[PDB]
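# Turn this into a structure:
(8 chains, ligands or ions: 8)
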Amino acid sequence: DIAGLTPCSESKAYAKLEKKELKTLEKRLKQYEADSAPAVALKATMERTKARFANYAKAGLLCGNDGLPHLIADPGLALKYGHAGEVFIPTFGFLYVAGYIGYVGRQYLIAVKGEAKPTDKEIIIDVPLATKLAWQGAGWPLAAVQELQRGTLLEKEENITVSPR
Amino acid sequence: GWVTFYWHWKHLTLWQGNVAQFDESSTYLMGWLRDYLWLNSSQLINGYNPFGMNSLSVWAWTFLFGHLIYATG
Amino acid sequence: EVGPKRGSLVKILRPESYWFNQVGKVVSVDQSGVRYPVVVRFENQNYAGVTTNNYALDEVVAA
Amino acid sequence: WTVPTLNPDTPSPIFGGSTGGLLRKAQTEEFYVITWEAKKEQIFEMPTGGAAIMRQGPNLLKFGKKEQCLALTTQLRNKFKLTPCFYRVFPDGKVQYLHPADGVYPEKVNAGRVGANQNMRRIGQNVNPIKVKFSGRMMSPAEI
Amino acid sequence: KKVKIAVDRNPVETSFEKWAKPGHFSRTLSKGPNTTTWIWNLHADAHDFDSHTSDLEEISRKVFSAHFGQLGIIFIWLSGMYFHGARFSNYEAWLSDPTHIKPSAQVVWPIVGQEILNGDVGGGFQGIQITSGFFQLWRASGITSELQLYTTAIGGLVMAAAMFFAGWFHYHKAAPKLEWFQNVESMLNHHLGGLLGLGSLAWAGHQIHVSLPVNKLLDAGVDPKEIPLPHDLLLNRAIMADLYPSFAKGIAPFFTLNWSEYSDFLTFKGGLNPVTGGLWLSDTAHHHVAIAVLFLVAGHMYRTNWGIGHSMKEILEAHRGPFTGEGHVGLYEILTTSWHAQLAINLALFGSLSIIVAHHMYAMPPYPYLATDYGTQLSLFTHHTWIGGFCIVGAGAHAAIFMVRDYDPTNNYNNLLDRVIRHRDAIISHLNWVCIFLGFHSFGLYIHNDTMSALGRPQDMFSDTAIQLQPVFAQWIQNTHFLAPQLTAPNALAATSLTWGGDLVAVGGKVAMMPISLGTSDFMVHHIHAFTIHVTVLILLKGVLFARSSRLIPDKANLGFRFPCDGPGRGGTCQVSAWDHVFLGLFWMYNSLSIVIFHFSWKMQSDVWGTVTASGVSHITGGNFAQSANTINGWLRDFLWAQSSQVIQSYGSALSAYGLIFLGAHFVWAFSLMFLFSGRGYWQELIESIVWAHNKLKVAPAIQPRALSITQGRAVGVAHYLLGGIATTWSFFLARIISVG
Amino acid sequence: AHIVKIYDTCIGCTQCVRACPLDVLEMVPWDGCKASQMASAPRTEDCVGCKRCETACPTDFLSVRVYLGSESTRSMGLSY
Amino acid sequence: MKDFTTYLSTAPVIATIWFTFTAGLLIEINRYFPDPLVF
Amino acid sequence: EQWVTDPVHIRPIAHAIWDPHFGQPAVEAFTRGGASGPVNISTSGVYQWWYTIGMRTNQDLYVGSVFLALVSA
Ligand code: CLA
Ligand code: CLA
Ligand code: CLA
Ligand code: CLA
Ligand code: CLA
Ligand code: CLA
Ligand code: CLA
Ligand code: CLA
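Residues are numbered from 1 along each chain as shown, chains lettered A, B, ... in the order given. Ligands and ions are numbered 1, 2, ... in the order given. Here you go, the structure:
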């Protein structure tokens, strides 16, 4: 398929790797009894391994010649061959949480900046204001775009300190 | 150092006829430390030992020489 | 009476100053013919831990 | 005011001696001599290590560099409130009075002094190095 | 002149008002934060009690409460170890098979795949193999069930709460005066008699009544469930009389001066137990009895409130010769008024004793089945050695602190300290020369051996076959110790340890302890150790003697103890403070102790540890220390390259975590090089550029971000260097000794 | 010898002279500040370059500057 | 109680509580959703 | 002259080694590449470059060395 890779559901090395992991786990399990805590723990780990391999093959991931999955970072290839869940959707998810945290911190700084002692509000966190801004940050992309359109997101050149060149 | 390590390991695995070793161990740093730096230095540090020496002893002396200069720096 | 009013806020125009392009509160303006009569106090300290300095009449702009 | 004259037959503080004393530079290049007046006997700390006892009245000591003499001067002024003074002595016997230069300490302003190495401008008003390039030797833009 | 209990009532009020005010202890930090540097300062001057105020009474009270809080933390740690041994360990299973089941007391939760670390340690358990040696210690004390360990954990928690309450009470309800702290005579009398003597006597009583019969029955083949409980042995005389006939006579032979009747549990057996491999508990009990009597006798030396006894000031003033001037005059006042001087003395002797403990513990294993556990032996020796080295460096640091802050020349006119300061140049010059001589004669031998081996001339090396340098003094001392039980020790059965000579003791197919033979490689490594110790001493002593002044800076004392430099003048005065000398001594201590632990590991795995076969003993590495340790290439190939195979291939097994740490530790160490090879000016300008980026988007904090200080950068670099190197060696040693030991 | 310069921004606070450990700086009369004093460097031949005077200067930017020049016996602070 | 809440509002206490909450949330997410590699 | 005939199984030689510190094993260990004494095996690749541009005999290298020395002078 893409870049000479084969799907994990039809790769021989993938199945051999799964059999290798299950074989070493079963080999470690043969030394214990049947109704003991280590045996139950090993069986739980084996079930987790089976579920993980089944879920990875079910997701349609592309495996290589080593039997391990590969991620598709190109937006066109991901949206064209059903690989948007690898690197596209998590990218936008991180962008939302990253801008979320950044906007919450920026709002807290700008809010405490006009007070009498901002340094005290920086070392001793004002939990009520921080909690209110944390709950209000859900609309961070909308607020950031509206701030950018109004011209209030950036500071002017004359109000920023610079070197003597 | 990173570019030369990459070049040396990829070409070593190509010349040895096993590029899969590099393809499977170049994703984790343990593979770089064991399969490349530890696996390829067995003959180097064996240039001179109590059992004798060979033509590779000068490189072993140079290896320790560089380590000493680095530590002196 | 010459210079900025006491207690006002002015911007520093001295390039080599740590508070260049920064706002500071006016403390006192010397009435003699000294080169730097304006005294400006800043909330943020410099690398030496100083918050006050002396600037000239043209080195400060009202802002 | 008159420049003091070094008295070599001046008693010295009782010190047992140390290894941080004078070296071959005191006999080949120069050394320093610090003298002071003490109102009473008192144990003080030597700048080269050890504790000595300054005698009542005149006290003389020898040091390898000027920093040691000024350090002892500062210690005597700030801990016992005295007025010490020192000279630079050459192997040929020449004595040169150094501090205080005018008899008045330099922390306070005194009449008759002339300011030297003073630039009637600020740091930001200095010229670029390209203007002081190709000179007789390495010259900084602040030297002019 | 009167020793009493002086105290002040309710000096400080218990409130949370100061908890909300950071930096209230210092006048400089009480203003508040303005820059990030302040935050770092808040943690750097937290325990600096002689900087908050100049009152000695306040400093002493704060020290007392800090000691109580520290002991509370230690009790929490001990209670945690006992609780882990009682609920998440296999101690009960390990007691039934102490030669096959690996000790383990930590379990991990089945999350993100870490359950692979729960290796099969034996006895129907899955966990992490511990190396602290708690299983052997609990077996030595007679613990046979998880209930006893659980009760000990509860008692430890109670003791921790009591220590915390004691600290709070002594700081806010009843704070002792300064005269109570200065009763060094009474303090020494109590610490000698009460603390040490009574502790040794109490432990002797427990060993005689619990450890001896329980362990004797364990060594007799009795199952741990069928062994009588300790209180059962402590309640009736029949069981004790059966196990030890002397118990049938009661305490009557003690008062009738017929102590010879107690020759069944108080002997001089010597050597090691052939069943367990550790020291005989009867000998340890007799040892504790003698130690208790000696310390109790020593506890009545100084005068307290009666005429009998000594005055330490009188003894110090009575010691004065012609070559020392006045002598120890003023030393008593120095130690009774400066906590840093006492800290220096205590830290030095404490670290030295810790290293001595490490040596005596690998040589004479006192716990049962301890010598057979190579992992515990190696880890314990390495740990105690590192603690001793760190404490020694701290001793030098506090000596310099005392010399800078608490030293007063008006009370040290012609004493020993003043004369030492007077000839400090001669001291440093001779120590520098001996360091250079030792370095040449210690490192040149290895370089010459590497050259001769590389040049194809093995006959020109410094080895047993070639030119040999045999440690004749150590070999003669070993022979004297081996022959001691026949001429100079008629009442001793065997020697103190098996390392001197004689027959080896092996338990469960593994060599517990065999004689150690020293050759040319041992001579060379011992000279290497001596050279490294001398250099560390040189750096620390130079920082202590030249802390007040020097030929470069005569007013160093005015600059304090911890300052970055005195400017680029005089050619450059970078790292002239005593703090920087401690900073360099830390690196040299790390180098010295690292070579010490490497030598210990190689010698033990090469000529002592190993399995027992039919007609012959095979070691772990095959005895290659007497042939490959005389060259740097041998150390790098046979000891570092060959022995690191276990830590690099540990992935996929229960030791994989070690491999991860082995990589992580290589990171932190290299991370240290970022703070040690650079300066804060570059970082400050880079921070300025980042601040501009923040100011553009109005995200610049009010607290101005400032780069780390020069001293902070050096401290961060040395901390990361030590952590990275120590963790690297820790992972390598633990993974290797657990895989092949 | 090192080059020590005094600029016109000197306020005559006399802190740089007290911080000098080798008696290089002094105070001379002036008419550019309220204190009517100004720092001077007439004995730069003894300056070592410790920059203690720069640390003690409170003006922004500094009024006293030290430039490392030709090294000699007095400038290197050698007792030998 | 005001001083106690102010002490709990400091940077290290808030950082400890926040990181404990975030770490616990991530751990519980990986516990109820084992081995998530894709969406 | 011998490397050009078999450039696959013959190792290039940089220069000879005259070290009085070498013992007998070092002399026979460095004696390789068909030489009569201890020599260093080159890794600079000048053999392949000179062989590709046209050098075939040692006379060509000698003439080139003399010409380059005169040019340097
Ligand atoms: C971050 C840098 C980056 C890089 C290095 C690439 C690289 C690539 N992209 Mg791309 N892409 C990017 C960002 C990037 N993209 C972003 C941010 C978006 C969101 C707008 C897209 C959306 C996108 C689409 C929709 C497509 C690609 C495609 C491609 C591949 C070939 C097209 C090309 O090179 O022109 C640069 C790509 C663009 C300018 C985007 C428009 C698509 C152009 C016009 C190519 C379409 C023509 C045709 C389908 C090509 C296929 C020929 C043949 C194989 C059938 C190529 C490997 C194509 C592909 O291979 O499909 C699987 C494809 O159709 N990308
Ligand atoms: C309000 C918080 C905040 C915000 C909005 C930003 C924003 C920005 N930073 Mg920054 N930074 C922060 C905190 C913040 N930083 C802190 C605390 C540090 C010290 C560790 C740094 C150190 C730092 C460096 C070294 C650099 C940036 C850079 C940048 C810019 C590039 C984007 C980036 O992600 O860089 C990376 C961000 C980080 C490395 C730190 C993120 C730390 C967390 C996630 C931020 C929030 C922490 C705070 C405690 C939460 C607020 C609590 C409040 C609600 C009560 C960007 C404008 C780069 C630049 O120069 O601009 C181009 C750059 O080089 N930052
Ligand atoms: C709940 C009871 C209580 C209360 C309300 C106070 C209140 C006060 N104490 Mg006090 N004290 C207490 C118990 C208490 N103390 C106990 C149990 C001890 C014995 C340890 C002390 C010993 C003590 C001393 C010696 C001093 C005070 C001081 C003070 C005053 C300010 C310092 C401060 O609290 O900052 C808050 C400090 C902290 C939150 C740090 C606590 C750290 C604890 C003790 C150890 C933590 C170990 C940690 C878990 C291990 C680190 C590992 C890390 C990875 C987590 C303040 C009014 C100081 C003073 O009066 O100023 C002159 C003073 O010097 N206390
Ligand atoms: C026989 C009497 C005795 C005993 C047993 C101790 C024991 C101890 N003292 Mg102490 N001391 C004594 C007399 C005694 N002292 C006298 C007479 C003075 C006045 C001159 C002092 C003044 C003094 C100071 C200034 C300090 C100590 C300290 C210590 C502790 C050192 C910690 C350690 O490493 O040991 C081993 C640790 C343990 C064994 C932990 C268990 C603790 C148990 C409960 C023993 C406590 C016994 C002690 C007498 C308290 C009982 C009295 C009762 C009111 C509770 C230790 C527990 C240091 C400290 O404060 O630690 C907090 C310290 O700084 N002592
Ligand atoms: C500090 C260490 C220590 C301790 C605590 C003990 C304790 C004990 N030993 Mg022992 N022993 C020790 C060291 C110790 N030993 C050492 C070092 C040796 C080697 C020389 C021995 C050798 C030894 C032998 C050979 C024997 C003992 C025995 C005993 C037990 C009885 C003691 C006895 O004979 O009567 C002594 C009488 C007393 C101790 C008086 C007790 C005082 C009580 C507690 C007063 C309580 C009064 C209170 C106010 C009551 C009011 C309560 C209220 C609720 C009503 C006893 C539990 C005997 C034994 O166990 O038999 C098997 C025994 O034969 N020991
Ligand atoms: C009985 C032991 C003891 C005691 C009571 C003291 C007491 C003191 N020391 Mg000292 N010291 C000791 C041992 C001791 N030291 C040892 C063993 C060393 C060698 C390393 C030193 C070296 C030393 C230096 C160089 C200095 C002091 C200083 C001080 C004083 C200020 C307190 C302080 O350090 O600031 C606060 C304490 C801290 C900020 C703790 C630092 C935390 C470290 C960096 C973390 C350790 C890493 C950890 C083990 C691993 C964690 C892993 C990580 C992933 C979390 C104080 C009186 C300073 C001083 O003289 O004051 C002027 C000083 O500069 N000490
Ligand atoms: C491997 C790197 C290295 C080396 C070789 C040295 C070497 C030395 N250090 Mg040093 N040190 C190092 C790392 C190193 N250090 C690091 C990283 C730090 C930072 C923490 C320090 C910090 C430090 C301090 C604080 C001190 C030293 C001191 C010394 C000297 C001790 C005297 C001695 O050992 O006698 C002999 C010399 C050697 C063993 C060096 C190697 C000599 C070789 C083997 C001899 C070869 C001779 C050869 C024939 C020459 C022919 C040349 C030819 C081309 C013509 C010594 C020269 C101490 C000192 O000043 O001296 C007392 C001192 O106090 N070091
Ligand atoms: C510093 C450690 C050290 C030591 C102890 C030796 C020792 C030796 N080397 Mg060696 N070497 C070393 C380092 C060392 N080397 C290093 C680091 C290298 C690598 C560069 C080499 C490389 C090397 C080579 C290539 C060779 C040797 C050889 C030798 C042997 C003969 C050298 C000789 O005769 O010179 C002569 C020595 C002297 C003229 C002076 C001796 C010093 C005197 C005894 C000290 C006098 C001081 C006295 C106490 C003052 C008293 C005071 C007053 C009262 C009088 C000899 C046993 C040779 C060999 O292999 O032998 C088989 C040889 O071929 N070495």
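# Tell me if stretch E:658-669 is near chain B.
Yes: counting by C-beta under 8 Å from any C-beta of the partner chain, chain B is contacted by stretch E:658-669 at E:659, E:663. For every residue, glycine as well, the C-beta is placed using N, CA and C.
# which residues touch that stretch?
B:29-30, B:33, E:647-651, E:720-721, E:723-728, E:730-732, E:734-735, E:738 (C-beta atoms under 8 Å, 6 or more residues apart in numbering or on different chains).
# give me that answer again for 7 Å
With C-beta atoms under 7 Å, 6 or more residues apart in numbering or on different chains as the test, stretch E:658-669 has contacts from B:29-30, E:647-648, E:650-651, E:720-721, E:723-725, E:727-728, E:731-732, E:734-735.
# Without its sequence neighbours, what residue ends up closest to the most far-flung residue of chain A relative to its centre?
What lies farthest from the middle of chain A is residue A:164; by C-alpha atoms, centre = their mean that is 42.6 Å. Leaving aside its sequence neighbours, residue A:164 sits nearest to residue C:15 (C-beta to C-beta, 6 or more residues apart in numbering or on different chains; 4.1 Å).
# residues contacting the residue of chain F found nearest ligand 8?
Going by C-beta to the nearest ligand atom, ligand 8 is nearest to residue F:80 of chain F, at 25.6 Å. With contact set as C-beta under 7 Å, 6+ apart, residue F:80 has these partners: D:23, D:24, D:25.
# That one falls within a helix, correct?
No: with DSSP: H, G, I helix; E, B strand; the rest coil as the criterion, residue F:80 is located in coil rather than a helix.
# Against ligand 5, how distant is it?
To ligand 5, residue F:80 is 66 Å away according to C-beta to the nearest ligand atom, to the nearest Å.
# now residue E:544
Residue E:544 is 43 Å from ligand 5, by C-beta to the nearest ligand atom.
# Could you look up the next helix or strand downstream of the helix or strand where that residue lies?
Assigned by DSSP states H and E, residue E:544 falls within helix E:520-545. Going down the chain from helix E:520-545, the next helix or strand is helix E:578-607, by DSSP H and E.
# now check that next one, is it near chain D?
No: between helix E:578-607 and chain D, judged by C-beta under 7 Å from any C-beta of the partner chain, nothing touches; the nearest distance is 14.4 Å.
# List the buried residues of the helix or strand just after that helix.
Next in sequence after helix E:578-607, counting helices and strands by DSSP H and E, comes strand E:610-613. Within strand E:610-613, the residues scored as buried using 16 or more other C-beta atoms under 10 Å in any protein chain shown are residue E:610.
# Likewise for stretch E:258-265?
E:262, E:265.
# who are the neighbours in contact with residue E:680?
Contacts of residue E:680 by C-beta under 7 Å, 6+ apart are E:707, E:708, E:709, E:710, E:713.
# For chain E, which residue occupies the most central location?
residue E:387 (2.9 Å).
# what about that residue, which helix or strand?
Residue E:387 belongs to helix E:374-401, assigned by DSSP H and E.
# Number of residues surrounding residue E:322?
Neighbourhood size, residue E:322 [other C-beta atoms under 10 Å in any protein chain shown]: 5.
# wouldn't residue E:625 be in contact with residue E:605 here?
No: between residue E:625 and residue E:605 there is no contact under C-beta atoms under 7 Å: 8.4 Å.
# Give me the common contacts of those two.
Counting by C-beta under 7 Å, 6+ apart, nothing touches both residue E:625 and residue E:605.
# how about the nearest residue to the most centrally placed residue in chain F, chain neighbours excluded?
Of all residues in chain F, the one closest to the mean position by C-alpha atoms, centre = their mean is residue F:25, 4.8 Å from it. Leaving aside its sequence neighbours, residue F:25 sits nearest to residue F:17 (C-beta to C-beta, 6+ apart; 4.4 Å).
# separation between the closest residue to ligand 5 within chain C and residue H:41?
Proximity of chain C to ligand 5 (C-beta to the nearest ligand atom) peaks at residue C:49, 61.3 Å away. Applying C-beta to C-beta, to the nearest Å, the value for residue C:49 to residue H:41 is 65 Å.
# between these two, which one's more packed in?
Here residue C:49 and residue H:41 are compared on neighbour count by other C-beta under 10 Å; more neighbours surround residue H:41, at 13 against 10.
# Just say helix, strand or coil for the residue sitting furthest away from the middle of chain D.
What lies farthest from the middle of chain D is residue D:130; by C-alpha atoms, centre = their mean that is 38.3 Å. Secondary structure state of residue D:130, per three-state DSSP, is helix.
# Quick check: buried residues in the helix holding residue E:387?
In helix E:374-401, counting by 16+ other C-beta under 10 Å, buried: E:374-401.
# what distance separates the next helix or strand after that helix from the middle of the whole chain?
With elements assigned by DSSP H and E, the helix or strand that comes after helix E:374-401 is helix E:416-422. Offset of helix E:416-422 from its chain centre (C-alpha atoms, centre = their mean, to the nearest Å): 31 Å.
# Tell me the one of the contacts of residue E:680 nearest residue E:676?
Distances from residue E:676 to these, taken as C-beta to C-beta, are shortest for residue E:713 (7.9 Å).
# Am I right that that closest one is in contact with residue E:675?
Yes: look at residue E:713 against residue E:675 with C-beta under 7 Å: they come within range, at 5.0 Å.
# With residue E:684 as the reference, measure out to the residue farthest from the centre of chain A.
16 Å.
# burial of residue A:35, as a residue count?
Counted with other C-beta under 10 Å, residue A:35 comes out at 7.
# Now do the helices in the stretch 201-350 of chain E.
Using DSSP state H, counting those that start in this stretch, the helices of the stretch 201-350 of chain E run over residues E:212-219, E:230-235, E:237-243, E:252-255, E:281-298, E:312-318, E:331-335, E:339-363.
# just checking, what packs against the fifth one?
Same thing as helix E:281-298. helix E:199-206, helix E:212-219 (3 or more C-beta pairs under 7 Å, 6 or more residues apart in numbering or on different chains; DSSP states H and E).
# Make a markdown table out of those helices and add distance to ligand 1.
Conversion of these to a markdown table gives the following (distance: least, C-beta to the nearest ligand atom, whole Å):
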| stretch | distance to ligand 1 |
| --- | --- |
| helix E:199-206 | 71 |
| helix E:212-219 | 70 |
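# Looking at those helices, which is nearest to chain H?
The closest of the helices and strands packed on helix E:281-298 to chain H is helix E:212-219. By C-beta to the nearest C-beta, the value is 56.1 Å.
# can you count the residues close to the residue nearest to residue A:164?
For residue C:15, the neighbour count with other C-beta under 10 Å is 15.
# can you tell me the helix or strand for it?
Applying DSSP H and E, one finds residue C:15 in no helix or strand.
# How much space separates it from residue C:45?
Residue C:15 is 19 Å from residue C:45, by C-beta to C-beta.
# ok so, going back, just checking, which of the contacts of residue F:80 belong to strands?
Of the contacts of residue F:80, none are assigned to strands by DSSP state E.
# on that earlier part again, check the helices of the stretch 201-350 of chain E for me and report the most buried one.
helix E:212-219 (a mean of 21; mean count of other C-beta atoms under 10 Å in any protein chain shown).
# and for it, what are the contacting residues?
E:140, E:142, E:144, E:224, E:227, E:230, E:233, E:240, E:243, E:265, E:273, E:275-276, E:281-282, E:285, E:368.
# Around the residue in chain B that chain C sits nearest to, count how many other residues there are.
Closest residue of chain B to chain C, C-beta to the nearest C-beta: residue B:73 (31.4 Å). Neighbour count for residue B:73, taken as other C-beta under 10 Å: 6.
# Can you pull the phi/psi pair for residue F:6?
phi -120, psi 130 (degrees, to the nearest 10).
# isn't it right next to residue F:63, touching?
Yes: if you go by C-beta under 7 Å, residue F:6 and residue F:63 touch, sitting 6.2 Å apart.
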